[PDB]
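Below is one structure, written out as structure tokens; the observations come after it.
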């Protein structure tokens, strides 16, 4: 199972840790930046 | 409605779930615009054909 | 007796892992079959064929040279402007 | 020339094999996705089997702790009116059942994240199946659009120089 | 039965705990907010 689980890790590479910072930051923006309009529109 | 009467905590969580659906609109919406020119050229080819 | 039931309890919990993994690798394997160097390359192989057939008409039916694209547009610009040179002077 | 004469005596079968693997790519495109359906329901059944175990264990956790509450309630009454000697012994038996709650209770919390990740994997997995099947029909038109495009211009070319139009001119030269 | 009961839990996912806060809050509004008119109209 671990071998089959790792098999997908090669055929389907996991997202690099870089996006984990961007995806969270961008998602933080996706809320905060989208909330930068709301917290300024509907504070 | 969650924001009403200073209940911003519920609004913050409700918006997080919307971003998941917003990613669909961007991915699915962009694909539709690309197929518009795809169907326009094929029809013009048939008209000329 | 406590050890028998306890071991049998985790028994079914793991039989799902085998069924979960075998049911997981066998679909991504087909998803990979629809990735590069496989059915998606066949999706592109038929595309290379479509592109090959599309280019086939490019040779049998040569496309209009870029020259006319300037003349056809200029002449069409005339076909409107020059025909409109009469209208913009007749029906300004 | 030993293992190709063998290919000759079943050349009718090898031709079919290659024809189904190379040609008719739309046929495989429908069957290969069929196995996904059989596997999706299998994963649907495999997942449900995992959902019938963690809550089957929580009942055992709820059943054992219920027995421990009786001893605590029994020990609570034993203490009444200064009968602490009976309370001391009644609590000793509760510790035996308390060890069950700690061992069985801790295992339940570990399986919660186990069932959450597998479901999220299925949710993400199902999204890929329908999405890939959506573009499936979009491309099958390209094959039908190209094959329906080259085969007419090929005949239009047959009505161009050095062909039927040359026959149009050959009869003209005649 | 528990397996069949959980079978519906997958085929028919239960409402997330989020709505349990909104459905109750919104229902609280559906009474209170609708009662914000009544408690102000028919106090």
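Backbone-built Cβ (ideal geometry, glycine too); neighbour counts: all protein chains shown. A short reminder: the numbers here are calculations on the coordinates, not readings from a lab.
Quick one: helix C:39-60 against the long Cα principal axis of chain C, what's the angle to the nearest 10°, folded into 0 to 90?
20 degrees
For residue A:24 and residue B:27, what is the calculated FRET efficiency with R₀ set at 25 Å and r taken between the beta-carbons, to the nearest 0.05?
0.80
Rounded to the nearest 500, what is the protein assembly as shown's calculated 222 nm mean residue ellipticity when only DSSP H runs of at least 4 contribute -39500 (n - 2.57) each, over all residues?
That comes out to -31000 deg cm²/dmol.
Assuming 1.002 mPa s and 20 °C, estimate D for chain B with Stokes-Einstein, Rh taken as the Kirkwood radius over Cα pairs, in µm²/s.
Roughly 153 µm²/s, to the nearest whole number.
Label 7 Å along Cα→Cβ of residue D:114; the stretch C:15-39 residues with amide nitrogen under 16 Å?
Taking a point 7 Å out along Cα→Cβ of residue D:114, the residues of the stretch C:15-39 whose backbone N falls under 16 Å are C:15-22.
More than 18 Å apart: what percent of Cα pairs in chain E qualify?
53 percent
At residue C:1 and residue A:33, where each label point lies 7 Å from the Cα along Cα→Cβ, what is the point-to-point distance in nanometres?
6.5 nm
Please work out whether the stretch C:1-84 counts as rounded, prolate or oblate from its C-alpha gyration tensor, where a ≥ b ≥ c are the square roots of the eigenvalues and a/c under 1.5 means rounded, while otherwise a/b larger than b/c means prolate and anything else oblate?
Note, shape of the stretch C:1-84 comes out prolate.
What is the diffusion coefficient of the protein assembly as shown in µm²/s, taking the Kirkwood radius over Cα pairs and the Stokes-Einstein relation at 10 °C with a viscosity of 1.306 mPa s?
53 µm²/s
Sticking to Cα atoms, compute the Rg of the stretch C:49-92 to one decimal and its Dmax as the biggest Cα-Cα distance, whole number, in Å.
So, for the stretch C:49-92, Rg and Dmax equal 17.6, 54 Å respectively.
Going by alpha carbons, how many degrees (0 to 90, nearest 10) lie between the helix axis of D:11-21 and the longest principal axis of chain D?
60 degrees
Evaluate the Debye formula for chain D with equal point scatterers sitting on the alpha carbons, no solvent, and hand back log10 of I(q)/I(0) at q = 0.16 Å⁻¹, in q order, two decimals.
Result of the Debye calculation: -1.06.
Can you compute the FRET efficiency between residue D:2 and residue D:152 using 1/(1 + (r/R0)^6), with r the Cβ-Cβ distance and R0 = 56 Å? Round to the nearest 0.05.
After rounding, the FRET efficiency stands at 0.75.
Per q in 0.12, 0.13, 0.26, 0.27 Å⁻¹, report the Debye log10 I(q)/I(0) for the stretch D:105-174, using one uniform scatterer on each alpha carbon and no solvent.
-0.63, -0.66, -1.02, -1.04
Which of these, D:34, D:105, D:92, has the largest mean-square fluctuation under a Gaussian network model of chain D (Cα springs below 10 Å)?
Residue with maximal mean-square fluctuation among D:34, D:105, D:92: D:92.
In Å³ and rounded to a whole number, note down the convex hull volume per residue for the Cα atoms of the stretch D:80-132.
72 Å³
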